[PDB]
Structure formats: C-alpha cells, structure tokens
Amino acid sequence: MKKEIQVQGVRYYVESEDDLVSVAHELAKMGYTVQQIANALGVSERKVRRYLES
C-alpha cells in the first residue's frame with residue numbers, strides 16, 4: 001500500500017501500518033482530532049484510538 005498523505009505543508013510517505021501509526025502520533029501532537037486523523041489516513045476511528053495508545 002504505497003501512499004502519500006497531505007496535511008497542511010507536510011506530506012507523509014506511508015508504506016506499511018507502522019508508518020500509519022507514526023503519522024497518527026504526529027497528527028495527534030499537532031492537535032488533530034481522532035475523527036480528523038481517521039479521515040486523513042483512511043482508517044476508522046477505532047484503529048486511530050488503538051494507534052494513539054502506543
């Protein structure tokens with residue numbers, strides 16, 4: 001699943017689920033909501049909640 005995620009001025013290159021977790025972590029720290037992280041990454045809010053507890 002090679003895929004590029006654009007949030008504001010940053011683009012995250014995603015190649016695996018470990019990369020999605022990393023982006024999730026960055027976006028949370030930048031103050032994005034769980035709803036907003038889920039839409040940005042193309043996953044569910046449940047997956048994002050799992051991601052942010054790591």
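Side-chain atoms are counted along with the backbone in the values below, which use heavy atoms only and exclude waters and symmetry mates. The chain is numbered in sequence order, starting from 1.
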- Got a sec, which residues hit salt bridge (charged side-chain N to carboxylate O under 4.0 Å, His left out) with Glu4, two or more places apart in sequence or on another chain? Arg11

- Query: Between atom OH of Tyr51 and atom CG of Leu27, what is the distance when rounded to the nearest 0.5 Å?
  - Reply: 12.5 Å

- Query: Any side-chain heavy atom of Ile5 within less than 4.5 Å of one from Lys3?
  - Reply: yes

- Message: Measuring only between side-chain heavy atoms, which start at C-beta, is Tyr13 closer than 4.5 Å to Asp19?
- Response: no

Report, one line per pair, each donor and acceptor closer than 3.5 Å where one atom sits in a side chain of residues 32-41; sequence neighbours left out.
residue : atom : partner : partner atom : Å
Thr33   : OG1  : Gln36   : N            : 3.1
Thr33   : OG1  : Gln36   : OE1          : 3.4
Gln35   : NE2  : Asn39   : OD1          : 2.9
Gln36   : OE1  : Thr33   : N            : 3.2

- Task: Give the intermediate values and the outcome of salt bridge (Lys or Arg N to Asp or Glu O under 4.0 Å) for residues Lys47 and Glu17.
- Result: CA-CA 11 Å; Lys47 279 281 186 188; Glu17 194 174 9; 3.5 Å; yes

- Tell me, do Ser54 and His25 make a side-chain contact under 4.5 Å, heavy atoms counted? yes

